[PDB]
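So the structure is just underneath, and the comments pick up after that.
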Amino acid sequence: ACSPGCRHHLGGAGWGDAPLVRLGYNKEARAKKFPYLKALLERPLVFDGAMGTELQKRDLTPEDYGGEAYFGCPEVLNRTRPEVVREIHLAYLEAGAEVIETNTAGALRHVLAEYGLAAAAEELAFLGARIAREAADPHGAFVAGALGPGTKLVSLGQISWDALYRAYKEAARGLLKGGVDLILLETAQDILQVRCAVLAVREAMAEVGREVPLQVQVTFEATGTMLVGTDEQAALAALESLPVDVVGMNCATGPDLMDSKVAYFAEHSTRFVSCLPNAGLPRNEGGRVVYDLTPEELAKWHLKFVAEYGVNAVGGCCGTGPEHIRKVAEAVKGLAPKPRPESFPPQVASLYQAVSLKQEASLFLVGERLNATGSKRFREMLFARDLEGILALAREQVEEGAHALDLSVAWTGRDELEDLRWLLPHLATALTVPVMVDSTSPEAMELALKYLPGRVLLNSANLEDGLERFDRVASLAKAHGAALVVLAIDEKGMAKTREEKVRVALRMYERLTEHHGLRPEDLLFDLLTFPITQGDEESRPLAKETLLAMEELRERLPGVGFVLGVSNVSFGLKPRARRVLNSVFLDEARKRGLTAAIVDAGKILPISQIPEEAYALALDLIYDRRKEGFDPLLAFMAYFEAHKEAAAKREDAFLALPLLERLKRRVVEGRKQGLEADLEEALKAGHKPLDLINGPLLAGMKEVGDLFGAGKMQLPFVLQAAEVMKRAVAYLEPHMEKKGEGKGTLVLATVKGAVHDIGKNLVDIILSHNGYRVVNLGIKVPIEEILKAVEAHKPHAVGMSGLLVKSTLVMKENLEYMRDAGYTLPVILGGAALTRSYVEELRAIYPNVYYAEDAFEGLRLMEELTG
Ligand code: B12
Ligand SMILES: CN1c2c(nc(N)[nH]c2=O)NC[C@@H]1CNc1ccc(C(=O)N[C@@H](CCC(=O)O)C(=O)O)cc1
Ligand SMILES: [K+]
Ligand SMILES: [Zn+2]
Ligand SMILES: [Zn+2]
């Protein structure tokens, strides 16, 4: 049945025990194979609590981690102190944890590189797995092979796909040899990282010859999204077409804020559902490090989750212990598990939100104007490398009704891939709506899927060049969990008659559903839109042929969608004529079964707004209604050359607001195109350079900080705003009157032992873009080296960062060092576990120490202290 195009390793085929088939998630068939999933049907399995906050309780020294170089790495304890890891496992098993997690989340090349252990991930993964079996096999319990998100965000360009894929592949080998009962991807922050890690571990399954179940889990930030800005609706929509088995949450902030999120996963997911909150964020109660979630409260949460919502697996994360799991194992034993929903509503998604493929009484509209062949303006800015101009175009089609966007960079004598690699990093975070990737090259689609988050659409697969290319693209759409446009062209040519369209649509449907295991709701069948208006005879019945096929295939293929490029029906006509025929063809298509269209969104006219004599002649064209004498094409052109404004459109003045308000809205909305012209307009009108910085520019920067903190703006849009502010400062900097000085300088560094840099490098970017000089010394920096930089650079303040409670004690040591060396200058501490209370405690050592919750407080503090 297969051809050389086929590749059913990652996604799975339509036969056997593949994760997805034509009727959705394989629930009954996969349970038979995997005893973990078999038990989820029958009973709520209990997971372990934390590994790391247990390891921190122990009296651990540098020699226990094999020396000073690796002090604080959890993964080396599988080699250097295996019994300490086992001790914890055994204590959860005695509390009643039917599943435990291998101490292997940080076991990745690029994370392990920071301890000089880059070559060692497969090793440390193997050892942590073996330890876990030796505990679990005595107690008759399952082992889950934990893998974490790393230190480097792929959507924002901190690591490539290829390296991130390399790391998850080798770490999964290590687990699969060690004999894990499932792979578990956890604490995910970046929806593209999820897809990368899922495909990786599915390949490592194909290499070692053993297939285990897949459990993927995200963390939400307090604001209510993932770090990179993905909501729960989008996260789920991305996971529901991937080869996974369980979806869920871990860590985050506690059960309080996780509640509505797990309510969503529980209601809609056709997969099983996991849920593992931490004990909330730690505090310091007179020396001792305290968590506020009691075990009695965690039982009263997991009872609600398991018995009201229908959550299958329950457990804990950072700052829970054996006492938490004890009370959880009690509360859930003998509850009858609710069966998971049978089908899932078809949707796609961007980085940030999901979109239904069925729109009620309406259409999924795909803006057509990012097409090099089909838009002079796009073509020009593509070749001129005008990034701002392309985002203005893309942004513009959204404002007019675009649910998604079509992207086509192909042009004679250009490299399609070179242009794609420039563009897609920017689009991946720029766009607020999903992409449809338009290409005849399977390698162009492949590249695109390594860059674009969410769930995507591929345009198209057909049988033009045989079964190779068809199967190639169909496997690709199965793996990345993308929707597939199916065009009706076979090896003998384009399908012109209705009988030709059905035959071809029927055969492809059969390859995709039965062979490749695709759902109907994944397919959008494109029958052909040919130009009926060019002049020729044979071409007259061709829009009719297509509408009649589509109403036949709607009845014969219940689940499917249909897509058309309706702007091709009108070729060989004037702009204004084209608009009207396209608006009418679109409406008759909806009636016959069309669910989706490729259109210029803002040039769709409602049927109410079309002249009636024009409307009826449009019908006469579309359905081939031709009397002797009466030529409906001539009368249709006659009409437009007579009636002057029959389809005229001006759209203007969206930003025609007050000048100072416009400048501020430029920062908040992140719009740089036109920025410098407006800033000049303001200077000519008497506005002083330094008044514009501290007036409308600073106000929109406070507003950007106000919205982000409340969950009303996402992280990439915050980096956009600062970019607008950067350009603004560069423009007005030459013209200012009290010249001679900068705003201020901050030496910044993560502390000795602290490996994570995402939030340090956000503070760098945000402060530098606002014209603060930032000497970023990197990670693990000793205090001796910090004060060398200070003595050289004469900064206005010192900033220290680190994620953990041990980071906070190192900062206390650094203040004791700085006090005794005689330093008096301002220090600014921040960090994920660092609280406001603990810094006020530290003021007894060093008076001029301040606390930052985020980089916008650093903003505030830098302003305040520099003057
Ligand atoms: C996902 C996550 C991770 C990621 C971190 C990804 C990264 N940042 O690179 C991973 C999984 C890798 C990680 C690891 C661990 N985790 Co963790 N993790 C989290 C989490 C959810 C925070 C997520 C995060 O990245 N936020 C986003 C970043 C951008 O925010 P940020 O770091 O806070 O930075 C911001 C501000 O603090 C501020 N800022 C930071 N520094 C500075 C400096 C200055 C000068 C200024 C002005 C501002 C400033 O600006 C930033 C943006 O505005 C928290 C819980 C929570 N909700 O906070 C736990 C948390 C940090 N993790 C914790 C733990 C226990 C661990 C591990 C030890 C677990 C283990 N299995 O052993 C390991 C670390 C091991 C090691 N090698 O050292 C604890 C720490 C407490 C403790 N020690 O008891 C927390 C608080 C969870 C808890 N107990 O409730 N973690
Ligand atoms: C055949 N097409 C098509 C497809 N994708 C699918 N699935 N099906 C199709 O039928 N992709 C490309 C095209 C649909 N897209 C387009 C895009 C623009 C114009 C168009 O009419 N462009 C104008 C120029 C506009 C300008 O430059 O301002 C033209 O005159 O060609 C037509 C179709
Ligand atoms: K756990
Ligand atoms: Zn095949
Ligand atoms: Zn945690």
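The first residue in the sequence is number 1, and the count goes up from there.
One finds the OG atom of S441 at 9.0 Å from the CG atom of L447 (value rounded to the nearest 0.5 Å). Residue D231 holds its CG atom at 8.0 Å from OH of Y264, rounded to the nearest 0.5 Å. Rounding to the nearest 0.5 angstrom, the gap separating the NE2 atom in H480 from the CG atom in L10 is 7.5 Å. Annotation: the span from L542 atom CG to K496 atom NZ amounts to 6.0 Å, rounded to 0.5 Å. The distance from the OG atom of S375 to the CD atom of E368 is 8.5 Å, given to the nearest 0.5 Å. In this structure, the separation between CG on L573 and CZ on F571 is 11.0 Å, given to the nearest 0.5 Å.
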query = What do the steps show when you test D678 against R662 for side chain to side chain contact (heavy atoms under 4.5 Å, CB included), and what is the final call?
reply = CA-CA 8 Å; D678 292 358; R662 264 210 311 286; 3.4 Å; yes

request  = Evaluate side chain to side chain contact (heavy atoms under 4.5 Å, CB included) for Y451 paired with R421, printing each intermediate quantity in order.
outcome  = CA-CA 9 Å; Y451 281 94; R421 299 188 194 78; 4.0 Å; yes

task = Before giving the answer on side chain to side chain contact (heavy atoms under 4.5 Å, CB included), spell out for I610 and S583 the whole-Å C-alpha distance, their side-chain angles and the decisive distance to 0.1 Å.
result = CA-CA 9 Å; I610 292 160; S583 295; 4.3 Å; yes

ask   = side chain to side chain contact (heavy atoms under 4.5 Å, CB included) between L382 and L370: does it pass, once the steps are laid out?
value = CA-CA 9 Å; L382 180 70; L370 308 175; over 6 Å; no

key: Criterion salt bridge (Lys or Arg N to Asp or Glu O under 4.0 Å) on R556 and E552, from CA distance to verdict   = CA-CA 6 Å; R556 285 171 80 167; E552 189 168 349; 3.1 Å; yes

Chi angles and distances behind the salt bridge (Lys or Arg N to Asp or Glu O under 4.0 Å) call for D471, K478 = CA-CA 10 Å; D471 299 319; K478 197 69 192 286; over 6 Å; no

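Taking the side chain as every heavy atom from C-beta outward, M637 and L633 approach each other to under 4.5 Å. When side chains are defined from C-beta on, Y615 does not count as touching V580, because their heavy atoms never get closer than 4.5 Å. Between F470 and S3, every side-chain heavy-atom pair lies at or beyond the 4.5 Å cut-off. Using a 4.5 Å cut-off on side-chain heavy atoms (C-beta onward), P4 and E468 make contact. Side-chain contact between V724 and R671: absent, with no pair of heavy atoms (C-beta onward) separated by less than 4.5 Å. Using a 4.5 Å cut-off on side-chain heavy atoms (C-beta onward), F525 and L553 make no contact. With a 4.5 Å cut-off on side-chain heavy atoms, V486 and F562 do not count as touching. Side-chain contact check for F630 versus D620: some heavy-atom pair is nearer than 4.5 Å.
The environment of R414 atom CZ is dense: over 12 non-hydrogen atoms of other residues, nucleotides or ligands sit within 6.0 angstrom. Within 6.0 Å of CD in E612 there are 12 or fewer heavy atoms belonging to other residues, nucleotides or ligands. Remark: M381 CE is packed, more than 12 non-hydrogen atoms of other residues, nucleotides or ligands lying under 6.0 Å away.
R379 contributes a side-chain N or O that, together with a main-chain N or O of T373, makes up a donor-acceptor pair within less than 3.5 Å. Side chain of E491 to backbone of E464: no donor-acceptor contact under 3.5 angstrom is found. No side-chain donor-acceptor contact under 3.5 Å links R469 to the backbone of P442. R472 places no side-chain N or O within donor-acceptor distance of the main-chain N or O of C6, the cut-off being under 3.5 Å. Between the side chain of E545 and the backbone N or O of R498 there is at least one donor-acceptor pair closer than 3.5 Å. Between the side chain of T546 and the backbone N or O of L528 there is at least one donor-acceptor pair closer than 3.5 Å. Looking only at distances, a side-chain donor or acceptor of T230 sits under 3.5 Å from a matching main-chain atom of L351. For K574 (side chain) and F640 (main-chain N/O), no donor-acceptor pair under 3.5 Å exists by modelled atom type. Judged purely by atom type and a 3.5 angstrom limit, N582 uses its side chain to pair as donor or acceptor with the backbone of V566. Listed for the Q353 side chain is no donor-acceptor partner under 3.5 Å among the backbone atoms of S350.
Aromatic pair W15/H516: ring centres not closer than 6.0 Å. Aromatic ring centres of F717 and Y352: separated by under 6.0 Å.
In summary, the side chains of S539 and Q534 do not present any donor paired with an acceptor at a separation below 3.5 Å, with no hydrogens or angles considered. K672 and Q720 are linked by a side-chain donor-acceptor pair at a separation below 3.5 angstrom, with hydrogens and angles left out of the test. A donor-acceptor contact closer than 3.5 angstrom is absent between the side chains of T595 and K358. Side-chain N/O atoms of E240 and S269 include a donor and acceptor closer than 3.5 Å. Between the side chains of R578 and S570, at least one donor-acceptor pair of N or O atoms lies under 3.5 Å.
The two residues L518 and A474 have their closest heavy-atom pair at CD1-O, 4.3 Å. Taking each heavy atom of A354 and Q347 in turn, the nearest pair found is CB-OE1, 3.6 Å. Contact between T270 and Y25 at its shortest, heavy atoms only, is O-CD2, 3.5 Å. Scanning both residues, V569 and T529, for their nearest heavy atoms gives N-CG2, 3.5 Å. The two residues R271 and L239 come nearest to each other via the heavy atoms NH1-O, 3.9 Å. Considering all non-hydrogen atoms of both residues, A372 and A410 come closest at CB-O, 3.6 Å.
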Only pairs under 3.5 Å count here: list side-chain donor-acceptor contacts from residues 428-438, not counting sequence neighbours, and write none if there are none.
unit_1 : atom_1 : unit_2 : atom_2 : d
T429   : OG1    : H426   : O      : 3.4
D438   : OD1    : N459   : ND2    : 3.4

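With respect to the salt-bridge test (charged N to carboxylate O, under 4.0 angstrom), the residues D419 and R385 qualify. Taking the charged nitrogens against the carboxylate oxygens, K376 and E380 do have a contact shorter than 4.0 Å, which makes a salt bridge. We find that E396 and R369 are joined by a salt bridge, their nearest charged nitrogen and carboxylate oxygen being less than 4.0 Å apart.
Here the rule is side chain to side chain contact (heavy atoms under 4.5 Å, CB included) with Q397, and of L365, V599, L405, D406 only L405 fits it. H515 pairs in a side-chain hydrogen bond (donor to acceptor under 3.5 Å, both in side chains) with only one of the listed residues (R22, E510, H8), which is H8.
Within the structure, the side-chain hydrogen bond (donor to acceptor under 3.5 Å, both in side chains) test picks out no pair touching residues 631-649 (sequence neighbours left out).
With sequence neighbours left out, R626 forms a side-chain hydrogen bond (donor to acceptor under 3.5 Å, both in side chains) with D624.
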